[PDB]
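First comes one chain, alone, set out as structure tokens in the form deposited in one PDB entry.
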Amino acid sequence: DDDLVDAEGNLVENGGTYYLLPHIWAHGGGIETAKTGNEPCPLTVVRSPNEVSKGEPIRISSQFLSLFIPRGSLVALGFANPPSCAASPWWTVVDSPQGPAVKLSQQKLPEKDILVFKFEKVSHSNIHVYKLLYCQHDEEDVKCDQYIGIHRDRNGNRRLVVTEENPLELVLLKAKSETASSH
């Protein structure tokens, strides 16, 4: 019981690709990457500030051999099309002066460092909206008492980072179909 559900009432597939969109349309678009600081390529995960964009398709993978993902299960999140310079497509939380930050890595990482997320359903809602928790899984064990929220930087980048109660909410929109063109 209690599996993750997508924007269309359907169960989220394990290993499937989704667009991670905001609950409130007006808050931006989907998830993508940016090149920041001394970075050799786009390794910081940020929310697109443009509402039309669905961002990059994201693979949601859990620790179990199950077709679907139950709430309470730790997940690894990774871009279906990672920046070539990232060792693996998986997101990870790296410390820094400003606080813990979500991002890709240049070196292929261990499972305990990528299986660090967990979705928590939003209370007051007609559809399935979730908050993203970061689970302290480093000092041998795991406690999810931190959230992933946004932090706008100097260049205007809405970077995903751990915060003190400024949780972002997500709606998981299944990926696979469409796009357009000009003339």
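Note that residue numbering follows the sequence shown and begins at 1. Throughout, rigid core stands for the largest set of C-alpha atoms superposing within 1.5 Å between the two forms. Residues that one form lacks are left out of the comparison.
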Got a sec? Mean C-alpha B-factor, which is higher, 131-139 or 115-123? 131-139
Stretch exceeding the other in mean C-alpha B-factor - 104-112, 84-92: 104-112
Just grab whichever of 154, 27, 151, 47 has the top CA B-factor as deposited. 154
Could you look up the Cα B-factor of residue 36 in the entry and say which third of the chain it sits in: lowest, middle or highest? middle
When the modelled residues of the chain are sorted by Cα temperature factor, does residue 61 land in the lowest, middle or highest third? lowest
Please rank the C-alpha B-factors of the chain's modelled residues and tell me whether residue 5 sits in the lowest, middle or highest third. lowest
Just say lowest, middle or highest third for the CA B-factor of residue 162 relative to the other modelled residues in its chain. middle
Please rank the C-alpha B-factors of the chain's modelled residues and tell me whether residue 12 sits in the lowest, middle or highest third. lowest
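Below: the form deposited in another entry, not depicted.
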Align on the core first; then indicate which of 27, 121, 152, 143 has a CA shift of 2 angstroms or more between the shown form and the other one. 27
Please say whether the CA atoms of residue 127 and residue 124 come closer or move farther apart in the other form, knowing the change relative to this form is 3 Å or more. closer
With the core fixed, which bits of the chain, 3+ residues long, show every Cα moving 2 Å or more between the shown form and the other one? 24-27, 123-126, 138-141
